[PDB]
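Report on the following structure.
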There are 2 protein chains.
Amino acid sequence: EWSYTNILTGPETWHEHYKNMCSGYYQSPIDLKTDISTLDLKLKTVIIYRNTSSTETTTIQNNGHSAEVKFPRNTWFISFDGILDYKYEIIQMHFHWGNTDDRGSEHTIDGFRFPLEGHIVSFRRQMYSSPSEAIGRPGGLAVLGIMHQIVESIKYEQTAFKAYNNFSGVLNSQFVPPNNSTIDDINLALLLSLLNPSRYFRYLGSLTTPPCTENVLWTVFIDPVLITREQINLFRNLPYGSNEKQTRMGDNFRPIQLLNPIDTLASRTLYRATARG
Amino acid sequence: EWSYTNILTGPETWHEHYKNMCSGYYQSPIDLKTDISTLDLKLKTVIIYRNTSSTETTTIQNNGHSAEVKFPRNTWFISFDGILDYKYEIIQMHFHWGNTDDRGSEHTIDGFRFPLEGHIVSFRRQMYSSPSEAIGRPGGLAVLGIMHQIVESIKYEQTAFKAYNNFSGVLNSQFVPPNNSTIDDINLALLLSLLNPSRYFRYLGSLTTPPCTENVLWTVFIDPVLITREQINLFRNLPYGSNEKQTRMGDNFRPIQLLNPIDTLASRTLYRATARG
Ligand SMILES: NS(=O)(=O)c1ccc(NC(=O)Nc2ccc(F)cc2)cc1
Ligand SMILES: NS(=O)(=O)c1ccc(NC(=O)Nc2ccc(F)cc2)cc1
Ligand SMILES: *[C@@H]1O[C@H](CO)[C@@H](O)[C@H](O)[C@H]1NC(C)=O
Ligand SMILES: *[C@@H]1O[C@H](CO)[C@@H](O)[C@H](O)[C@H]1NC(C)=O
Ligand SMILES: *[C@@H]1O[C@H](CO)[C@@H](O)[C@H](O)[C@H]1NC(C)=O
Ligand SMILES: *[C@@H]1O[C@H](CO)[C@@H](O)[C@H](O)[C@H]1NC(C)=O
Ligand SMILES: *[C@@H]1O[C@H](CO)[C@@H](O)[C@H](O)[C@H]1NC(C)=O
Ligand SMILES: [Zn+2]
């Protein structure tokens with residue numbers, strides 16, 4: 001069993017309860033340090049694209065730790081190389097947020113926390129035929145991190161919730177774990193257009209929940225998408241699962257890990273991308 | 001379904017036959033370039049050590065593609081950190097060699113091929129309770145590469161074959177795949193004493209046979225251990241398995257892979273270690 005807020009099963013214990021791989025030295029999240037990172041001009045614009053033949057439904061679940069969108073198979077894809085040949089297939093999207101507006105994100109950018117971080121999870125379909133084959137295997141996953149920031153003055157249509165279609169109104173106090181509901185499809189291409197998809201951090205890391213598998217190619221966009229206080233408070237209405245100490249879901253983030261803990265046997269490097277200047 | 005010397009199943013076909021993961025961009029072996037490597041002073045002396053109360057038998061097999069020593073469980077270990085707490089457990093040792101003395105190794109050092117490269121394969125017991133659990137999982141394996149060079153003048157006792165106890169005389173034309181034979185134990189601590197265990201290349205790579213899993217922590221010692229022409233010739237009497245074109249086992253090495261093929265989404269770095277000096 002694991003939690004965020006029960007000190008007995010909480011993040012400080014994962015290294016002992018899930019040594020494979022929460023005890024590793026390629027863990028996530030990390031502080032994304034603009035100064036320390038290596039600018040790699042070969043890293044291209046990220047594209048998110050849909051199969052316009054797909055008609056299957058999208059669902060969202062309160063899994064007791066997060067709000068998790070589950071996408072249908074063969075619907076949403078990532079391209080890192082400009083070809084639309086289905087190398088990365090999107091499986092789900094989940095969120096991490098704070099009890100308060102000054103924290104919530106798992107990654108930090110130069111020490112700064114955002115109120116809400118979204119994780120678009122994909123598998124390397126180029127190599128693995130199914131999500132369940134990729135999830136536990138080397139190099140199986142690529143995750144996109146989308147930072148969200150609160151603004152006071154904005155039209156609904158320019159907020160991230162327009163891409164999310166408000167999650168069909170499911171973010172409320174009655175959305176109890178482990179309830180799942182059908183929702184309107186998420187326009188992930190619109191979501192990505194709300195930020196600069198050429199401007200990102202890139203590194204090799206891990207899942208941020210047990211078992212913290214070190215098979216994630218991370219991409220974290222530097223520019224946030226925009227939301228309102230009203231929208232962040234919808235997430236804060238969700239109840240935590242019964243194994244949490246806190247009642248309302250919030251502070252569902254993992255503490256910062258080092259890029260290179262002292263025990264590492266082969267240092268990793270944090271990379272940075274920016275547009276063909 | 002794979003070979004070294006049959007053009008239908010040979011190394012040029014593995015990226016097609018075993019896309020997961022022989023098509024990847026973290027492949028082994030690589031050219032170990034002294035000038036284009038990063039010195040990491042934190043990388044410590046390698047220690048190999050035995051459980052003195054283990055009594056189980058060692059075997060060697062002609063598996064049709066290499067000579068493979070199979071160690072009993074819970075017997076031989078590697079420490080990278082100076083602690084003897086069974087973080088890495090040795091499973092097996094296999095050999096790669098050439099038809100001729102000018103080639104054989106998988107790795108090169110500044111483009112130089114050695115006549116014989118030994119691979120001491122361990123699983124990360126720190127995280128994974130068994131080899132079968134580790135071999136397919138992220139960060140599962142650590143392999144030591146031992147280069148061997150031929151000298152004309154040496155006492156048997158100062159050759160690598162002293163540490164191998166001459167493979168108990170088992171190596172001949174009759175040692176046919178998939179036969180195994182019980183052998184006297186390999187003194188891997190003696191073997192490591194024959195080179196400088198502080199002086200090595202380090203990088204994240206792959207198995208060098210299918211399915212080329214990208215879960216190997218590589219350590220390749222820069223100084224070779226010494227053998228005679230008679231000793232290399234004992235390997236060359238082994239017969240290849242029937243799916244090979246060549247009759248006698250030789251040239252059982254994979255072609256050199258790039259450190260960073262053009263399609264990489266996160267560059268790896270080659271490290272090197274040297275002594276506190
Ligand atoms: N928070 S995170 O690092 O983005 C993350 C991503 C994915 C998971 N888990 C996941 O996707 N599980 C899964 C299980 C079975 C499947 F078939 C596919 C995915 C956990 C944490
Ligand atoms: N030549 S190499 O890269 O050192 C290598 C090492 C190990 C393997 N394979 C291996 O160790 N397989 C294995 C299978 C089942 C087990 F339970 C244990 C090991 C293949 C290539
Ligand atoms: C697109 O969706 C259709 C029908 O749902 C499906 O048969 C097809 O395989 C999908 N394409 C890809 C590339 O997954
Ligand atoms: C989403 O929520 C806002 C605020 O209540 C509303 O104006 C908007 O039309 C809603 N959109 C959809 C698609 O439900
Ligand atoms: C050492 O040897 C014996 C072999 O029988 C075994 O009971 C013990 O668990 C071994 N220790 C380790 C650390 O594997
Ligand atoms: C080593 O084994 C070979 C056969 O593989 C044998 O012909 C040779 O004499 C042996 N050498 C020693 C020193 O035991
Ligand atoms: C090794 O050889 C013996 C005797 O022929 C056999 O019974 C044993 O199972 C073999 N081990 C293998 C194939 O792992
Ligand atoms: Zn090998």
Side-chain angles (χ1 to χ4, degrees), chain A residues 28-37 39 43-48 66-69 76 78 80 90 92-122 142-167 171 186-203 205 208 216-236 238 249-257 270-275:
Chain A
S28 301
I30 66 170
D31 185 31
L32 302 162
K33 294 177 196 304
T34 306
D35 60 337
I36 306 304
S37 71
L39 169 60
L43 302 174
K44 302 302 195 267
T45 186
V46 182
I47 299 163
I48 291 175
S66 174
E68 174 188 351
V69 181
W76 283 109
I78 304 164
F80 298 105
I90 290 163
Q92 59 103 331
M93 185 175 191
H94 61 268
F95 297 90
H96 303 271
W97 61 92
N99 285 354
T100 66
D101 292 349
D102 58 352
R103 67 202 195 227
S105 61
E106 304 221 274
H107 295 86
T108 61
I109 302 178
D110 300 305
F112 180 82
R113 293 171 185 283
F114 291 86
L116 178 70
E117 185 170 347
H119 290 165
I120 303 172
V121 183
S122 72
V143 185
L144 306 185
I146 299 194
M147 298 307 195
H148 304 64
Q149 188 55 267
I150 290 159
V151 295
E152 285 188 37
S153 183
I154 194 168
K155 293 199 93 63
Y156 159 68
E157 292 76 12
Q158 298 308 333
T159 71
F161 269 60
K162 169 66 179 152
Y164 300 142
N165 255 90
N166 292 332
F167 303 103
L171 297 186
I186 301 324
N187 190 342
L188 293 174
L190 175 57
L191 183 70
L192 197 72
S193 82
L194 300 174
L195 56 63
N196 186 340
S198 307
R199 192 199 185 211
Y200 57 84
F201 289 98
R202 169 62 55 70
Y203 77 101
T208 66
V216 176
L217 180 78
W218 275 98
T219 303
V220 180
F221 297 102
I222 302 181
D223 301 336
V225 302
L226 303 180
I227 59 169
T228 63
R229 176 79 206 205
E230 177 181 49
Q231 286 169 346
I232 197 60
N233 279 139
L234 300 179
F235 284 100
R236 295 184 183 138
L238 272 46
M249 190 178 279
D251 283 356
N252 56 344
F253 61 88
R254 184 191 193 182
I256 293 280
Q257 311 292 309
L270 179 59
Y271 298 96
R272 201 169 49 78
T274 216

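No hydrogens, no waters, no symmetry mates; every other heavy atom, side chains included, goes into these values. So you know, we letter chains A, B, ... as the sequences are listed, proteins then strands, and number each from 1.
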Atom [atom1] of [X] and atom [atom2] of [Y]: how far apart are they, to the nearest 0.5 Å?
X        : Y        : atom1 : atom2 : value
A/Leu195 : A/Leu226 : CG    : CG    : 9.5 Å
A/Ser37  : A/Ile222 : OG    : CD1   : 7.0 Å
A/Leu116 : A/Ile146 : CG    : CD1   : 10.0 Å
A/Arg113 : A/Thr108 : CZ    : OG1   : 6.0 Å
A/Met93  : A/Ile186 : CE    : CD1   : 8.0 Å
A/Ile232 : A/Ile150 : CD1   : CD1   : 5.5 Å

Just to verify, what does A/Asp31 make a salt bridge (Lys or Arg N to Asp or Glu O under 4.0 Å) with, not counting sequence neighbours? A/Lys33
Ring pair (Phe, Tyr, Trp, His ring centres under 6.0 Å) filter on A/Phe167, not counting sequence neighbours, yields A/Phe95, A/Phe161, A/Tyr164, A/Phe235
Side chains of A/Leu32 and A/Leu270, heavy atoms from C-beta outward: is any pair under 4.5 Å? yes
Could you check whether any side-chain heavy atom of A/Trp76 comes within less than 4.5 Å of a side-chain heavy atom of A/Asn187, counting everything from C-beta outward?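 Yes, side chains in contact.
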Of all heavy-atom pairs between [X] and [Y], which one has the smallest distance, and what is that distance?
X        : Y        : answer
A/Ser193 : A/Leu190 : OG-O, 2.7 Å
A/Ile109 : A/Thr34  : CG2-OG1, 4.5 Å
A/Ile90  : A/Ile48  : CD1-CG2, 4.2 Å
A/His148 : A/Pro115 : O-CD, 3.2 Å
A/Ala67  : A/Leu171 : CB-CD2, 4.4 Å
A/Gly205 : A/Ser28  : CA-OG, 3.4 Å

Under 3.5 Å side-chain donor-acceptor pair for A/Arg202 and A/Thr219: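 Note: A/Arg202 and A/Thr219 side chains meet the donor-acceptor criterion.
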Expected list for residues 96-103 of chain A: side-chain donor-acceptor pairs under 3.5 angstrom, two or more places apart:
{"unit_1": "A/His96", "atom_1": "ND1", "unit_2": "A/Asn252", "atom_2": "O", "d": "2.7"}
{"unit_1": "A/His96", "atom_1": "NE2", "unit_2": "A/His94", "atom_2": "NE2", "d": "3.2"}
{"unit_1": "A/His96", "atom_1": "NE2", "unit_2": "A/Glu106", "atom_2": "OE1", "d": "3.2"}
{"unit_1": "A/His96", "atom_1": "NE2", "unit_2": "A/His119", "atom_2": "ND1", "d": "3.4"}
{"unit_1": "A/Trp97", "atom_1": "NE1", "unit_2": "A/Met249", "atom_2": "O", "d": "2.9"}
{"unit_1": "A/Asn99", "atom_1": "OD1", "unit_2": "A/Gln246", "atom_2": "NE2", "d": "2.9"}
{"unit_1": "A/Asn99", "atom_1": "ND2", "unit_2": "A/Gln246", "atom_2": "OE1", "d": "3.0"}
{"unit_1": "A/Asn99", "atom_1": "ND2", "unit_2": "A/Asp251", "atom_2": "OD2", "d": "3.4"}
{"unit_1": "A/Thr100", "atom_1": "OG1", "unit_2": "A/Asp102", "atom_2": "OD1", "d": "2.6"}
{"unit_1": "A/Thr100", "atom_1": "OG1", "unit_2": "A/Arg103", "atom_2": "NH1", "d": "3.4"}
{"unit_1": "A/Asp101", "atom_1": "OD1", "unit_2": "A/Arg229", "atom_2": "NH1", "d": "3.2"}
{"unit_1": "A/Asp101", "atom_1": "OD1", "unit_2": "A/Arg236", "atom_2": "NH1", "d": "3.0"}
{"unit_1": "A/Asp101", "atom_1": "OD1", "unit_2": "A/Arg236", "atom_2": "NH2", "d": "2.8"}
{"unit_1": "A/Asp101", "atom_1": "OD2", "unit_2": "A/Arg229", "atom_2": "NH1", "d": "2.7"}
{"unit_1": "A/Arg103", "atom_1": "NE", "unit_2": "A/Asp251", "atom_2": "OD1", "d": "2.8"}
{"unit_1": "A/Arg103", "atom_1": "NE", "unit_2": "A/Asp251", "atom_2": "OD2", "d": "3.3"}
{"unit_1": "A/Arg103", "atom_1": "NH2", "unit_2": "A/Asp251", "atom_2": "OD2", "d": "2.7"}

Do the side chain of [X] and the main chain of [Y] share a donor and acceptor less than 3.5 angstrom apart?
X        : Y        : value
A/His107 : A/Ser105 : no
A/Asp223 : A/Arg199 : no
A/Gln158 : A/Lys155 : no

Could you check A/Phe221 against A/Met147 for side chain to side chain contact (heavy atoms under 4.5 Å, CB included), going step by step and ending with a plain yes or no? CA-CA 7 Å; A/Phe221 297 102; A/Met147 298 307 195; over 6 Å; no
So if I apply the side chain to side chain contact (heavy atoms under 4.5 Å, CB included) rule between A/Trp218 and each of A/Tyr200, A/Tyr203, A/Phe201, which one comes out positive?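 Single pass found, and it is A/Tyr203.
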Against A/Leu144, only a single residue in A/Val220, A/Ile120, A/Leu191 fulfils side chain to side chain contact (heavy atoms under 4.5 Å, CB included); can you say which? A/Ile120
